[PDB]
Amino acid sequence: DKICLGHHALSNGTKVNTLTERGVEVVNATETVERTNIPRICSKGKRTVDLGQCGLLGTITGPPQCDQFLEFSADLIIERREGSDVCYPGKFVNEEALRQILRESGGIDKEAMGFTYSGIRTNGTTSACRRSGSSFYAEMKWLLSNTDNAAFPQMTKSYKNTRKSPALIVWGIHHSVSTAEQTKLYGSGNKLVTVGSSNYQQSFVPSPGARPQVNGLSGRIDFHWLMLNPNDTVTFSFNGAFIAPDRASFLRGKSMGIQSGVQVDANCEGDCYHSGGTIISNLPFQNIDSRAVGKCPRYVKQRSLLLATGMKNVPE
C-alpha cells in the first residue's frame, strides 16, 4: 500500500554550533583546531644546527663553546637556554636585531679582514676564555699597548667589502675595572674609537668602573656591529680600549631560527615549531602556542571548534 522516505540517524550524535543554535547534534563531526603537540623538533630532510652551549651571536665572535660553529650552514637553527654568546663578560649593542639577521642567514662564511698592526700588542687573553689555558675570542683580537702605561697611538685601519653581498662587521670596546687599569692597558688620556660607513656614523669613548663579578671578572666588553654593503669601505680610528675584528662574516642564504628545549628528531617532518616542539597538522587552526613559527595553522583561543560532516541527528 505505501512507500516511505527517511534518513539515517544514531542514538547519540556529536554536538556542534551553528549561527542559530548551540550544541545541535549531528551525525558526524571533525575537529578544526589542533591540540596535539609532538615534543620533539621534527627536522627530517633539513640541514639542522643545534647550537647547544653556543649562543647565536657567539658564532660571529667565537668564544670556546662556539669553535665548532664559526662557519656553519643550515636550513634550521636551534637556540638553547644554556647558550652563551660570550666568554669574557659582555654583551652586544643591538643584540636582538643581529639575532634576527643570523636566524635567517642560512649560516655564515668567514673571511680575513687583513689588518696588520705595528707598535702595539695583539696577543691579549684571559682566564674566562679557556682553550687549554687562557685565550680570547677566536674571530677577534684584544689590542693592547706594547708595555704597561705606554701610549696607544691614534690608529687608522680600513676594510673594503669586495664581495657581492653585505659584510657583517663586529668590534668590541673594553671597559676596564678601574680608571687605572684602563691606563695600564692602553695609556692615559681620553680614549676615542670612531667608525664610519656610507650607511653609518658613530663614536665610542669607554667607561671604566666596577661591575659585579661575572665569570669571576668585573670587566666588560661592549660588542658592536654594522652591515657593510658591496664596494663600501669602513674605517676604524681608535686610541685604545678596542677589540679588533680579525674576520668578517657573510650570510650564506636562507634559514629559519627557533628556540626550544626539546630534542631533535630526524624521523618526523614539520614546518611549524615552538619551544615545546612541533605542530604537525593540516587543520587550519591551533590552540597550542601563539608564538609558533614557520608555516603554521592560525592560533586561536578556543580549545575546540567542531565542523559538522553529517546531517542533523534526529533519533527515534
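Note that residue numbering begins at 1 and tracks the sequence as displayed.
Engineer: Which has higher Cα B-factors on average according to the PDB entry: 27-35 or 283-291?
Structural biologist: Stretch with the greater average CA B-factor: 27-35.
Engineer: Out of 139-147 and 194-202, which one has CA B-factors that are higher on average in the deposited record?
Structural biologist: It is 194-202.
Engineer: Per the entry's Cα B factor values, which of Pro89, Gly83, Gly240, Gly107 stands out as the maximum?
Structural biologist: Out of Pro89, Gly83, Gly240, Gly107, the record gives the largest C-alpha B-factor to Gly240.
Engineer: Which has the highest CA B-factor per the PDB entry: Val214, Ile173, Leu168, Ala97?
Structural biologist: So the option with the highest C-alpha B-factor is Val214.
Engineer: Using the temperature factors of the C-alpha atoms in this entry, rank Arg121 within its chain: lowest, middle or highest third.
Structural biologist: According to the entry, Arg121 has a C-alpha B-factor in the chain's highest third.
Engineer: Could you place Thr14 in the lowest, middle or highest third of its chain by Cα temperature factor, using the values in the record?
Structural biologist: Ranked within chain, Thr14 CA B lands in the middle tercile.
Engineer: State the tercile, meaning the lowest, middle or highest third, of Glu181 with respect to the CA B-factors recorded for its chain.
Structural biologist: CA B-factor rank for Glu181: highest third.
Engineer: Within this chain's modelled residues, let me know which third the CA B factor of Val93 belongs to: lowest, middle or highest.
Structural biologist: Its C-alpha B-factor belongs to the middle third of this chain's values.
Engineer: Using the B-factor values recorded in the entry, state whether the Cα atom of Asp246 falls in the lowest, middle or highest third among the modelled residues of its chain.
Structural biologist: Its C-alpha B-factor belongs to the middle third of this chain's values.
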